[PDB]
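The block underneath contains the structure these notes are about, expressed in structure tokens.
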Amino acid sequence: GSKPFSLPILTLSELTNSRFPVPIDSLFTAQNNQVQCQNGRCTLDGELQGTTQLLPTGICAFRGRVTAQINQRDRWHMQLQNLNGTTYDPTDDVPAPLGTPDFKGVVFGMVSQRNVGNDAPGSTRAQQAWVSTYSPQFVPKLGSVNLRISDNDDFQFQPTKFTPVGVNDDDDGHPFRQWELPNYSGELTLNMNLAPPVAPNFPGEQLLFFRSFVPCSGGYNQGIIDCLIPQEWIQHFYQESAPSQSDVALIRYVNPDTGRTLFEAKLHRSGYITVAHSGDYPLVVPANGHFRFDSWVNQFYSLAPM
Amino acid sequence: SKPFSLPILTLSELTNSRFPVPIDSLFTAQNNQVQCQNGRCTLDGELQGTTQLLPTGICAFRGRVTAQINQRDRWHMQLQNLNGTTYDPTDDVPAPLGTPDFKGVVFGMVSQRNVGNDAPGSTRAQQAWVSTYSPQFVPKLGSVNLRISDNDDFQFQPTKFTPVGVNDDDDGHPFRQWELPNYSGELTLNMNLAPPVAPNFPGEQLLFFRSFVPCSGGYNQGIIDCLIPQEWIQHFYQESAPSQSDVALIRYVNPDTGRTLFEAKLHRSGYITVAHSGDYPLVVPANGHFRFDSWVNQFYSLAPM
Ligand SMILES: CC(=O)N[C@H]1[C@@H](O[C@H]2[C@@H](O)[C@@H](CO)O[C@H](O)[C@@H]2O[C@@H]2O[C@@H](C)[C@@H](O)[C@@H](O)[C@@H]2O)O[C@H](CO)[C@H](O)[C@@H]1O
Ligand SMILES: CC(=O)N[C@H]1[C@@H](O[C@H]2[C@@H](O)[C@@H](CO)O[C@H](O)[C@@H]2O[C@@H]2O[C@@H](C)[C@@H](O)[C@@H](O)[C@@H]2O)O[C@H](CO)[C@H](O)[C@@H]1O
Ligand SMILES: [Mg+2]
Ligand SMILES: [Mg+2]
Numbered sequence: 223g224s225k226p227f228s229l230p231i232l233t234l235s236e237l238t239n240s241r242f243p244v245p246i247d248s249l250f251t252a253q254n255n258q259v260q261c262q263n264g265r266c267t268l269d270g271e272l273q274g275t276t277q278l279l280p281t282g283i284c285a286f287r288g289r290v291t292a293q294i295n296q297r298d299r300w301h302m303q304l305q306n307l308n309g310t311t312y313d314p315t316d317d318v319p320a321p322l323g324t325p326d327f328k329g330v331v332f333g334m335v336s337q338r339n340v341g342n343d344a345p346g347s348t349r350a351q352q353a354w355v356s357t358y359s360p361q362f363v364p365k366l367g368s369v370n371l372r373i374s375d376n377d378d379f380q381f382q383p384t385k386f387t388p389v390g391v392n393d394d395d396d397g398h399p400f401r402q403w404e405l406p407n408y409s410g411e412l413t414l415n416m417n418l419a420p421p422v423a424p425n426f427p428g429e430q431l432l433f434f435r436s437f438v439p440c441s442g443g444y445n446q447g448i449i450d451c452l453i454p455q456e457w458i459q460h461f462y463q464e465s466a467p468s469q470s471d472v473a474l475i476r477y478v479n480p481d482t483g484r485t486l487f488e489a490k491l492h493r494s495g496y497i498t499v500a501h502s503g504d505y506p507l508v509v510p511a512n513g514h515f516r517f518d519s520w521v522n523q524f525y526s527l528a529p530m
Numbered sequence: 224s225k226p227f228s229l230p231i232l233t234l235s236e237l238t239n240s241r242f243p244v245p246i247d248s249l250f251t252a253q254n255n258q259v260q261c262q263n264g265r266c267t268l269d270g271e272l273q274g275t276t277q278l279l280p281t282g283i284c285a286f287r288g289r290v291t292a293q294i295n296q297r298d299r300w301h302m303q304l305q306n307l308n309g310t311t312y313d314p315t316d317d318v319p320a321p322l323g324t325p326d327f328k329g330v331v332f333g334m335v336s337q338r339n340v341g342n343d344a345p346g347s348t349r350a351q352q353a354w355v356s357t358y359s360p361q362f363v364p365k366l367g368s369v370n371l372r373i374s375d376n377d378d379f380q381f382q383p384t385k386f387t388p389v390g391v392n393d394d395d396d397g398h399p400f401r402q403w404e405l406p407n408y409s410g411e412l413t414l415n416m417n418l419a420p421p422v423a424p425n426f427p428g429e430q431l432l433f434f435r436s437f438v439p440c441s442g443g444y445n446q447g448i449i450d451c452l453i454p455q456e457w458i459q460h461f462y463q464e465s466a467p468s469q470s471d472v473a474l475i476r477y478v479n480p481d482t483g484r485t486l487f488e489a490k491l492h493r494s495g496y497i498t499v500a501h502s503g504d505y506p507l508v509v510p511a512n513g514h515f516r517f518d519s520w521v522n523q524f525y526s527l528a529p530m
């Protein structure tokens, strides 16, 4: 006697990217080439994995205290807390504090401070900041990241929040690479407690992504960030905790006014989608369209071509 | 009829429905007019005011910059709906969904990505401010004007505003979270508003989900109170459970002990009251959360908090 699995009923423009805090723009299927993102990872029965947490406002955000500065470009040393303000434990079974960026590049946004304690408590300030995940001081698993900021003369050793706005390539030839994980513990250390890599395991199938074009801060980068499942699905699965009756859920993309099924896809137990197609392809489908759960199938189910 | 329910979420697992940040605490306020337009949803899932579903849409703008004027609010942003579709000023809403619903300055960043003939694909981003006091703050009519940091690196191109925090204006116009902007500017009346909310039973006060949002200078506490959090709104929209009476009795429970800490009235139009007298920041366990108990009526007497 099992609680029925389901998806939330949401159009693309009603969905949030689970790897960057912006709406989904489109669906995209990619040729097979290793996909192992750590944000936007959740099993169909509601187990969050990787660095995945529940709030869109937490994705690629940091919270903590600035405690030091060094004479490097990555100047300001931020000791991290968990996003809910609780003390971060580096021995926890996670790759990094939940919400940590899961790509190589620079995240730009703003830092804000609000003093506590004896030194002008309640005083505030905010300004533009950058976090490079290429940096040798990007060591969130160990408990800290270093920030670049706009105004070094108006910044204190106080509680600090980083609010992400967009991404970009780093200079000196460090490109934005959305499928390359940072070294969460820095140079010469292996990432651990990772959500596993995902790939199609059936001939003729490709991954399907929920794609966003996020803001960039200069140059011509398209700002592409692809996620496996949107944040609202993760939030839904976490609530429902419906048992998975097989390794594969058949889902269908439906147009609610016509009632027609446009195509079908495989939603795998570990939380990603495959479709039957060959080649890079941006889908062009009706604005009111959405996936619905059809039934439980297995690994040997052959998808109708997309 | 489908049974009514709340999502099971702790305070730190909840997003403020009036500003895109997590909830920090619960607060009950002495009775003094509350008429916020974001974070408005009935228990059976009808969104109201300027309320939309995406947390990242709250206090965000999307559009095109088309002109500049020789005023502090220099850059004229013609708005689209947050999903990029054309904005219709004749729609029965107070303003485009997601528009800020308070008087003050919202600070954040603007970003552009060119299309068409001028360096297509080129991008830029910088700090920006939107004053909701501005006579050019006319989102209902289809535009707002921006202040930015660098007037020399900004084009007439597609633009997004990403909010980060709020503040008083530096000319002495205060952040007033309960004062609505004039969505159509000077000498116009706001329309299509979600109604004001207030306790209607003796001894009861409103309960808010409170956030302390970032400020950009000075000592403002950055307080933004919402009636119900964004995840509840998203839940009610999905569930569309019929409201069996005007009031859902809800209980704040400690899941580890299993004890109910206090009870409250969740009204069908989407706000909470508790039995208390005086301003009071609640201090409750981190794992605490509301659960639906039963449907009662307006005159049901709450246990004092
Ligand atoms: C510190 C400064 O004054 N930056 C200017 C500068 O920025 C350029 C520059 O960094 C070049 C490197 O040669 O890289 C970009 O071109 C960058 O500009 C950004 O990207 C281009 C494609 C445009 O979209 C531009 O608007 C954007 O800022 O020059 C730009 C003008 O091109 C601005 O003047 C910056 O402030
Ligand atoms: C334009 C400028 O020079 N900004 C400085 C400046 O800012 C001050 C100033 O604007 C006063 C005016 O009454 O208001 C604040 O004091 C403001 O500072 C901001 O608020 C105070 C409480 C601190 O938290 C401060 O860090 C914050 O910037 O002085 C500050 C240094 O105090 C900076 O130097 C700005 O760049
Ligand atoms: Mg379904
Ligand atoms: Mg419940």
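The listed protein sequences derive, respectively, from chains B and A. Counted the way the entry's author numbering counts, the first sequence spans residues 223 to 255, 258 to 530. Counted the way the entry's author numbering counts, the second sequence spans residues 224 to 255, 258 to 530. We treat Cβ as the ideally placed atom computed from N, Cα and C, and that holds for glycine.
Between the alpha carbons of A:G274 and A:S409 lies a distance of about 15 Å. If you check the CB distance, B:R299 and B:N376 come in under 9 Å. Counting only residues of its own chain and dropping the five nearest sequence neighbours on each side, A:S468 has a CB closer than 8 Å to the CB of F227, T267, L268, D269, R493, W520. For A:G443, the distance from the CB to the nearest heavy atom of ligand 2 is below 8 Å.
Among the residues of chain A, those whose CB is under 8 Å from the CB of B:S336 are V389, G390, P439, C440, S441, following chain order. The beta-carbon of A:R401 is placed no less than 9 Å from the nearest beta-carbon of chain B. Sequence-distant Cβ neighbours of B:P399 in its own chain, meaning closer than 8 Å and more than five residues away, are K328, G329, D393.
Neighbourhood of B:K385 in chain A, by CB distance below 7 Å: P439, in chain order. Close to A:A252, with beta-carbon spacing below 9 Å, lies no residue of chain B; the smallest spacing is near 21 Å. Each of A:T413, A:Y505, A:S336, A:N417 was checked against the Cα of A:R289, and the nearest Cα belongs to A:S336. Counting only Cβ-Cβ distances below 8 Å, B:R349 has contacts in chain A at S441, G442, in chain order. Those residues of the stretch 230–248 of chain A placed with their C-beta closer than 9 Å to a C-beta in chain B are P230, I231, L232, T233, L234, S235, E236, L237, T238, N239, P243, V244, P245, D247, ordered along the chain. Our two residues, B:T251 and B:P529, have alpha carbons roughly 13 Å apart in a direct line. Taking 9 Å as the CB threshold, A:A511 lines the interface with chain B. Cα atoms of B:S470 and B:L491: separation of roughly 11 Å, rounded to the nearest angstrom.
Contact check for B:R401 and B:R297: beta-carbon distance about 20 Å, past the 8 Å limit, so the pair fails to qualify. Contact note: B:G346 reaches chain A through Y444, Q446, using a C-beta cutoff of 8 Å and chain order. Within 10 angstroms of the beta-carbon of B:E411 lie fewer than 16 other beta-carbons, which makes it exposed. In this structure, the CA atom of B:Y444 is about 18 Å from the CA atom of B:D450. Bounds of the beta strand (DSSP E) holding A:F332 are 330–338. Within chain A, the residues whose beta carbon sits less than 9 Å from that of B:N308 are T233, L234, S235, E236, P245, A511, listed in sequence order. Around ligand 4, the residues whose beta-carbon falls short of 6 Å from at least one of its heavy atoms are A:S228, A:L229, A:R516, A:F517, given in chain order.
Taking all protein chains in view, the Cβ of A:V244 is crowded by 16 or more other Cβ atoms within 10 Å, so the residue is classified as buried. In the DSSP assignment, no residue is bridged to B:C261. For chain B, the residues of the stretch 276–301 of chain A that bring a beta carbon within less than 7 Å of one of its beta carbons are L278, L279, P280, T281, in chain order. Restricting attention to B:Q455, B:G428, B:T485, the CA atom closest to the CA of B:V499 is found in B:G428. Under the 9 Å criterion on CB atoms, A:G333 is classed as interfacial with respect to chain B. Shown here for B:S359: same chain residues with a beta carbon closer than 7 Å to its own, the five before and five after excluded, namely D298, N370 in chain order. Contact with chain A is absent for B:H501, since none of that chain's Cβ atoms lies less than 9 Å from the residue's Cβ. B:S502 and B:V508 have their C-alpha atoms spaced approximately 16 Å apart. Membership of B:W457 in any beta strand (DSSP E) is not indicated; the residue belongs instead to the alpha helix (DSSP H) covering 455–464. Close to chain A, meaning a Cβ-Cβ distance shorter than 7 Å, are the following residues of the stretch 350–361 of chain B: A350, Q352.
Residue-level contact by beta carbon fails for B:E271 and chain A, as no gap is shorter than 9 Å.
Between B:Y525 and the set B:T485, B:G483, B:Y477, B:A473, the nearest pair of CA atoms involves B:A473. Nearest Cα to B:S368 within the set B:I231, B:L304, B:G333: B:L304. About 20 Å separates the Cβ atoms of B:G495 and B:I448, ruling out a contact at the 8 Å cut-off.
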